[PDB]
Amino acid sequence: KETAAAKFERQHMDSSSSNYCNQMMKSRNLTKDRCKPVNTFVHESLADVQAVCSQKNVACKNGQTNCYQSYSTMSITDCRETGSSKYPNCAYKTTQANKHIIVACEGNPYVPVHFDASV
Amino acid sequence: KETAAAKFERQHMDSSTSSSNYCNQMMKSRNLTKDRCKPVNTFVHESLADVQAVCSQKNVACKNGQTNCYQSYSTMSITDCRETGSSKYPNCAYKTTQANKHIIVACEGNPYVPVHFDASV
Ligand SMILES: Cn1cc([C@@H]2O[C@H](CO)[C@@H](O)[C@H]2O)c(=O)[nH]c1=O
């Protein structure tokens with residue numbers, strides 16, 4: 001099966017338009033069987049995002065203790081399904097932002113396996 | 001010089017659209033039979049932006065051992081061109097086969113774009 005680390009890269013990494021989310025959510029298989037309603041893409045190097053696993057330790061939403069917040073803000077894009085969107089014509093609003101990210105980290109190598117939030 | 005990116009587009013991109021004679025016409029018109037019959041060549045029938053986006057998708061080892069290859073998460077419409085046994089330069093002859101497959105490309109540069117077609121899977 002796809003590893004959690006690889007799923008994180010597919011869902012959330014774009015090291016790198018109003019139609020950005022429409023193209024990306026499709027290209028990442030996030031519209032295949034249903035429209036994933038909410039998603040964030042991070043526009044930093046893979047190395048910079050993996051380094052978050054060595055930064056500020058914080059609680060995960062689910063109560064676990066292996067979450068980490070980036071010290072620095074990062075360039076991200078929030079994709080959120082519009083009010084009119086109906087599968088299979090998934091439609092998204094693209095919003096660019098610079099924010100801290102919070103990821104859960106696991107494994108060897110110790111890397112992000114889940115996107116918890118942006119703050 | 002032709003840039004590596006422009007060369008990838010000439011050799012491997014055909015968004016415009018494949019007949020039984022598609023490869024014979026296309027390998028000739030894209031100058032892939034100029035100095036020899038190029039033995040294997042793939043044309044991708046997706047938008048340039050969709051193919052360019054593969055440089056941020058699944059990182060996989062290249063056939064030559066370099067680490068800068070990327071596999072598309074979704075399948076893409078492609079046409080494979082393979083030289084026939086009867087083919088004799090300069091009258092290069094090809095078998096045309098359509099498929100829907102994940103593509104693997106090598107990417108380089110700033111911007112980070114496709115410069116080589118490695119394989120389909
Ligand atoms: C296996 N294969 C190979 C090729 C071409 O052959 C060269 C071999 O060095 C590559 O650089 C490609 O230009 C292709 O287009 N499609 C494909 O599936």
Side-chain angles (χ1 to χ4, degrees), chain A residues 6 9-10 13-17 19-20 22-24 26-29 32 46, chain B:
Chain A
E9 289 188 40
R10 172 175 61 87
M13 288 299 301
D14 184 9
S15 302
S16 192
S17 164
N19 307 333
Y20 172 94
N22 289 340
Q23 171 268 308
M24 285 289 296
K26 177 169 174 20
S27 66
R28 302 305 186 83
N29 282 356
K32 237 64 184 69
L46 182 55
Chain B
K1 198 172 136 167
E2 178 180 41
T3 72
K7 177 165 181 301
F8 174 92
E9 289 184 43
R10 171 175 59 85
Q11 295 198 310
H12 298 297
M13 289 303 300
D14 187 12
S15 308
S16 186
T17 59
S18 59
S19 73
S20 61
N21 249 268
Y22 171 94
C23 287
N24 291 342
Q25 176 156 26
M26 284 286 288
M27 296 294 290
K28 173 174 172 268
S29 65
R30 297 301 186 83
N31 283 4
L32 302 179
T33 71
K34 198 175 183 291
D35 304 308
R36 81 198 229 267
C37 305
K38 181 173 187 183
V40 180
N41 193 71
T42 301
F43 290 103
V44 185
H45 311 298
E46 300 293 339
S47 72
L48 183 52
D50 278 358
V51 179
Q52 284 171 333
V54 180
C55 296
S56 70
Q57 292 177 26
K58 175 181 177 52
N59 185 216
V60 301
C62 304
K63 286 178 159 181
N64 67 12
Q66 291 307 92
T67 62
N68 63 312
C69 283
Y70 299 88
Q71 186 173 309
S72 57
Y73 293 118
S74 319
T75 65
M76 296 183 165
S77 171
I78 65 169
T79 303
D80 287 323
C81 300
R82 303 194 51 100
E83 204 188 353
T84 69
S86 60
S87 172
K88 297 289 188 192
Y89 177 90
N91 304 289
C92 303
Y94 294 86
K95 178 168 140 75
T96 300
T97 57
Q98 172 65 31
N100 296 89
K101 293 183 91 187
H102 311 274
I103 64 169
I104 302 174
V105 296
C107 303
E108 296 183 324
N110 179 37
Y112 201 60
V113 295
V115 295
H116 160 84
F117 193 97
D118 211 46
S120 69
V121 289

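Here is the naming used below: chain letters follow the sequence lines, and residue numbers restart at 1 for every chain.
The two residues B:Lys28 and B:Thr33 have their closest heavy-atom pair at CA-OG1, 3.7 Å. Contact between B:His45 and B:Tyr22 at its shortest, heavy atoms only, is CE1-OH, 3.2 Å. The two atoms that bring A:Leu46 and A:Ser15 nearest to each other are N-OG, 3.7 Å, heavy atoms only. The shortest non-hydrogen separation linking B:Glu83 to B:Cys37 is OE2-CB, 3.2 Å. The shortest heavy-atom contact between B:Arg82 and B:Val40 is NH1-CG2, 3.5 Å. Minimum interatomic distance between B:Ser74 and A:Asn29 (heavy atoms only, all atoms of both residues): OG-OD1, 2.7 Å.
Remark: the A:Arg28 side chain and the B:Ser56 side chain contain an N/O donor-acceptor pair separated by less than 3.5 Å. With 3.5 Å as the limit, one finds no donor-acceptor pair spanning the side chains of B:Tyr94 and B:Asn41.
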(message) side-chain contact (heavy atoms from CB on, under 4.5 Å), that's the test. Do B:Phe117 and B:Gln11 meet it? Break it down for me.
(response) CA-CA 9 Å; B:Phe117 193 97; B:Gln11 295 198 310; over 6 Å; no
(request) Test B:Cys62 against B:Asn68 for side-chain contact (heavy atoms from CB on, under 4.5 Å), laying out the working first. (result) CA-CA 7 Å; B:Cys62 304; B:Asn68 63 312; 3.7 Å; yes
(message) Determine whether B:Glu9 and B:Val51 satisfy the following criterion, side-chain contact (heavy atoms from CB on, under 4.5 Å), listing intermediate values before the conclusion.
(response) CA-CA 10 Å; B:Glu9 289 184 43; B:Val51 179; over 6 Å; no
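In this structure, CZ in B:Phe8 is found 9.5 Å from NE2 in B:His116, a value given to the nearest 0.5 Å. If you take OG on B:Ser77 and CD on B:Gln98, they are separated by 4.0 Å, rounding to the nearest 0.5 Å. The CG atom of B:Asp50 sits 10.5 Å away from the CE atom of A:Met24 when rounded to the nearest 0.5 Å. Atom OG of B:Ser29 sits about 8.5 Å away from atom CG of B:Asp14, to the nearest 0.5 Å.
Counting heavy atoms from C-beta outward, B:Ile103 and B:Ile78 have side chains that approach closer than 4.5 Å. Two residues are said to be in side-chain contact when any heavy atoms from C-beta on lie closer than 4.5 Å; B:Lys58 and B:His102 fail this criterion. When side chains are defined from C-beta on, B:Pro114 does not count as touching B:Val54, because their heavy atoms never get closer than 4.5 Å.
Panel note: side chain B:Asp118, backbone B:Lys63; a donor-acceptor pair is recorded below 3.5 Å.
Within 6.0 Å of atom NZ in B:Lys38, more than 12 heavy atoms from other residues, nucleotides or ligands are found, so the atom counts as buried in its surroundings. In the displayed structure, B:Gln25 atom CD is contacted under 6.0 Å by at most 12 heavy atoms of other residues, nucleotides or ligands.
SG distance check for B:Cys69 and B:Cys107: not under 2.5 Å.
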